[PDB]
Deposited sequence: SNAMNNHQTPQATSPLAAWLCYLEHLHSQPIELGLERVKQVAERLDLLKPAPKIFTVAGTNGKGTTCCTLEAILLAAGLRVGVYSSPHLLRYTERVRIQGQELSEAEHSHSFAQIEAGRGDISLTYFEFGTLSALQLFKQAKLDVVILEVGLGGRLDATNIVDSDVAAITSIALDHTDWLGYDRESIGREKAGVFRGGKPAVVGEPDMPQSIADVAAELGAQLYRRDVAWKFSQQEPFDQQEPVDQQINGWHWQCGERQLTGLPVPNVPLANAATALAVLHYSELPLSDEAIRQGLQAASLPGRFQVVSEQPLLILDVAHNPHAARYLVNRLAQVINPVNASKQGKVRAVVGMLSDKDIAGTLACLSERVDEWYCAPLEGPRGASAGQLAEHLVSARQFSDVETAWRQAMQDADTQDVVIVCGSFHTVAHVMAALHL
């Protein structure tokens, strides 16, 4: 049966998960016609759309922090979530109530008529509706997957960004950097800045930009940055020097400053520095504890692992103990392989559900590793073992981090 405005959010989620979307027509037409019936295409006068393999969420949160510190009204749509669906929509930096979501979903359901929608299209229309009612200055949309045919690409953005390009998957057709970049570049718009924060950009992105007439601004061509004792960013003759080091990856803060620069939004020095000092996201190199250092990071492909490994380097005797759980879909071998550079002891756990790999399915790739019943036990063991100079890193998937967030109820 169909949920109502007054139904709990869990009943909506249960309903959207059970949609029979296998046969529905591929492409933006369905979701776009629904958005048009409900007038949801312009949720705020200023819209930024952020695509990429890794770094979308922390880029959007840097933009968010800076824009809030400037006194603007801001909404962020993000995905996926760790513990609660309500993570996906922030207004003024904060989550909304379950009831606001149930009411917004009810409007979407009324307005779609007999037009079918997937889970993510439904969720994206609902976020647009929540932002529209909220009288916002800026809306930042994180792309769900790819871009081109992502539900968020029904909105025309004022600036679009690609944070990075890397492989997040295994046995896959046409699955190369060029193909990947091409999909992501479909969020670009004719006459609008297209920010690419990927330093090794595939040509297909320039091809798509040139075809649309977007203005491409690439890292290491139009703008750049480096770490110093803050860090520095440049776009042509504009320089922002001695910046505070944020609790997000530097590359993504840089892409975020590029987005803001080309947006030509007027923003103060103080907003930028305050936003940067406030920016962070749970599960993204999140230090949960010291002596021993406990870090949660949702890294789940080789590109993130490598970043992670470089990060663990610059927080260094002392051993590195990894609590890992991953999904079967992912490049488990590349990821583990990359992490093995700096990981000393392995604690492998299983993830629930169909997609979720077995502890042995993980250990299969590791010279030696201990195996466990659940993520929480693996994690609690690693913490027992930790000397005060050690590092315990929880990683491999959103779900692995979520268990410890939720076992820690943080």
| query | finding |
| --- | --- |
| Missing residue ranges, deposited sequence indexing starting at 1 | 1-7, 236-248, 337-343 |
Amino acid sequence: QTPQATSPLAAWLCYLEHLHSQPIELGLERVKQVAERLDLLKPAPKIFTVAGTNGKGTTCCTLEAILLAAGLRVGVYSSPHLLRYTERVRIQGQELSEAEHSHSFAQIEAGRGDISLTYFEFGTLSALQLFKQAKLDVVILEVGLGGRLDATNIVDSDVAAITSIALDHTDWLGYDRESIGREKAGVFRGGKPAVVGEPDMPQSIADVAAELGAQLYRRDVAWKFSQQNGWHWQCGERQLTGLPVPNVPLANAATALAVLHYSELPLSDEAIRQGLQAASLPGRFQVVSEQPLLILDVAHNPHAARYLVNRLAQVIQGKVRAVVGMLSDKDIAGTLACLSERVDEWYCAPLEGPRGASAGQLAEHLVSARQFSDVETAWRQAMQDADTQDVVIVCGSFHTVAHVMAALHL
From here on, numbers count along this sequence of modelled residues.
{"property": "Residue range whose averaged C-alpha B-factor is higher in the record, 107-115 or 324-332", "result": "324-332"}
{"property": "Residue range whose averaged C-alpha B-factor is higher in the record, 249-257 or 180-188", "result": "180-188"}
{"property": "Per the PDB entry, maximal CA B factor within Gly275, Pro193, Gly144, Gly174", "result": "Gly174"}
{"property": "Maximum C-alpha temperature factor, selected from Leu82, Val139, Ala337, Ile295", "result": "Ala337"}
{"property": "Where the record places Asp269 (Cα B-factor, split into thirds across the chain)", "result": "highest"}
{"property": "CA B-factor ranking of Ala51, expressed as a third of its chain", "result": "lowest"}
{"property": "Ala70 - which third its CA temperature factor falls in, relative to the rest of the chain", "result": "middle"}
{"property": "CA B-factor ranking of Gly57, expressed as a third of its chain", "result": "lowest"}
{"property": "Third of chain Cα B-factors occupied by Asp156", "result": "middle"}
